[PDB]
Amino acid sequence: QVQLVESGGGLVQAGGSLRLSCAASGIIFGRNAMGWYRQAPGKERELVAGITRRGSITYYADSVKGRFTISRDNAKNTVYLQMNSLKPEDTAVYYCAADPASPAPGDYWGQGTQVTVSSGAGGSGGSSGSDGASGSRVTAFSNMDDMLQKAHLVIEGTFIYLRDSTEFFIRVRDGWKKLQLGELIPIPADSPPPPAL
Amino acid sequence: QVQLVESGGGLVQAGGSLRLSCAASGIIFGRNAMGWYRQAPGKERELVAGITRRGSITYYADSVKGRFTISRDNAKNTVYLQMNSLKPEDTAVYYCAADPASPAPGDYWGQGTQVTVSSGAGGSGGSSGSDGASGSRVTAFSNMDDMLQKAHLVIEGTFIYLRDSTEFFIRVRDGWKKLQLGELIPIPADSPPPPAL
Amino acid sequence: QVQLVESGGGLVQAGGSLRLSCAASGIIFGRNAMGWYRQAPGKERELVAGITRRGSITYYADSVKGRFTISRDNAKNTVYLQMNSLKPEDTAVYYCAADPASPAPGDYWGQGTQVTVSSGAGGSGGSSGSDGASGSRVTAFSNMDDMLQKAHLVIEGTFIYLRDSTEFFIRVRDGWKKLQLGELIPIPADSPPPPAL
Amino acid sequence: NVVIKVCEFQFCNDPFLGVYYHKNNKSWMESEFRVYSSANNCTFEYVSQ
Amino acid sequence: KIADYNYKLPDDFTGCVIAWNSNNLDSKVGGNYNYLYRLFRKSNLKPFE
């Protein structure tokens, strides 16, 4: 719902296509697919387009057109979101999520992604659609630069994870531990062996 | 209460003795007395013997299916379950739970341990191999295959155990990292009696 | 409310002046007043003094016979707590606070610090109740002794918070995983930098 | 006997089996799933036969 | 998101709902795609389509 995981976006040109990837909770993941919500300071938040599972048939509002295509590969069980025939009017902050429901203005779904078409008005890390939610145990900060904030209040004994840089800290009495994590083990393809125990 | 950890068991012959080890939350583990509960119709959820908190008065249900001993020491106590003069009817999957407690299948307060009062079979091959109990930490899976094959609905930042590998790992960007070990201390219920501080 | 770090105090003769040291918590730091609380093991926490921000207006209670002075810096905020004209009757355990607060041992402000006036000795007299000899040795670990001895009296898998180092330690299935050492970065009450983060 | 099964099935104006049981079938407890567009995954909650 | 659709736990339900506190077992919920039902409909919505 919140803490959606996305890749892609940045600066693209009008025409062509842009393919975004997303993975999410069962609440989002298991529904029709993942489509698009977008907003910009000059554009009201709206549901752009969606799908009723893979087929030739996809749908979009007349408020914002585009024969957008949504698909799922089997090679990696994620959702690919492809926007076709982009125009500068498409520069917006995007969120890659299923069509039912909608992010609240009093909530923030995942990090988001910024997409800008033939400009460069987006794709600026640290701003909205590149600043949002991800996982934690007790608290998390986006960077060390952010975590610092606990050195500016009497506050200790915090289980800290840097949700946006995948780093592991404890805020301890007068200090922070700077803890080692080992090697990255890449996520493999779906295969059914688990009810084999 | 859910969350029992069982150990011991294995392949024993009739008579003699067999001691079971356990660990559990303080609502169970810290009790001066724990008893025997098992599943396998014919002797189903029966507590047939036990022993006092102090003294050596050993009691039994008029079914006479043995007279067992609850090993306890009122000096930083944990309980070990000692069975004496095992009968063929004492073959079951066992839980190590407090005397009024009733662990049973349908929700599984842990996975138990197998006591076979004969040769062969055992807890999924001689009672030495896989099969965990339950989680503790905020989420856990079982086996390597449990995770590796379908842990792709796992959102970045999630802190997860594999308590069938003892693995401590964190979901990071498109994979996992391990914490592994910084120091190793032996398994609980080692020698609770002399550190009577 | 929970956590306040106190030091300073000591043995003085009636008269003079005395200052406390404190890494002042937002509980009290940000208040319009931060003055004193005092208690004695014969009598529960009482108001001592508070202050109106900006100006020479202070108030003190008849809980003390002193004429204690509070001053504040309203830019690069810090509070100056200085006792003045201490009388024998002012012997007490002191904490930093405003007149109102929600003290409790569950809302611990640590141990505070003892101030003795013309006693000619250290200690905490004027008693009716107990506070024992504090000590250590507790299920919710307060020592390294506990980390080794009592690690054996808990379930396999738990995060253990050490309130005397504010560190987390991890008991795991079939062992232990200690977290790595790091940096000692001292705690200020506050510092100008947060809006630049 | 009544077979209630859910997967991607087809029926059209030219059925492939939809010929009166004079000389065909007179029993078949299997569904028609010889013709499907494929790449589907038949899964069920419950079926009966 | 699920209280408002399909199955809740009605008074005329033949069954028990058992839930307990365990941190054992995660994932494998998102494997459904052969189970979908409508939000917006003009043709009605029958429970659990």
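We number chain D the way Swiss-Prot does; in order, the residues shown are 125-173.
When the header is checked for method, it gives electron microscopy, 4.2 Å.
The backbone N, Cα and C atoms fix where each Cβ goes, and this holds for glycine too.
Annotated in Swiss-Prot:
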type: DISULFID; residues: D:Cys131-D:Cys166; note: disulfide bond
type: CARBOHYD; residues: D:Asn149; note: N-linked glycosylation site
type: CARBOHYD; residues: D:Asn165; note: N-linked glycosylation site
type: REGION; residues: D:142-164; note: region 'Disordered'
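Annotated features, which come from Swiss-Prot, shown on the structure.
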{"residue": "D:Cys131", "record": "disulfide bond", "DSSP (3 states)": "coil"}
{"residue": "D:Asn149", "record": "N-linked glycosylation site", "DSSP (3 states)": "coil"}
{"residue": "D:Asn165", "record": "N-linked glycosylation site", "DSSP (3 states)": "coil"}
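The number of other Cβ atoms within 10 Å of the Cβ belonging to D:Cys131 (disulfide bond), over all protein chains shown, comes to 14.
Neighbour list (D:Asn149 (N-linked glycosylation site), Cβ cut-off 8 Å, at least 6 residues apart, same chain): D:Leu141. Of the recorded positions D:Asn165, D:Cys166, D:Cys166 has the largest number of other Cβ atoms within 10 Å of its own Cβ.
When the Cα atoms are compared, D:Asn165 (N-linked glycosylation site) and D:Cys131 (disulfide bond) turn out to be 8 Å apart.
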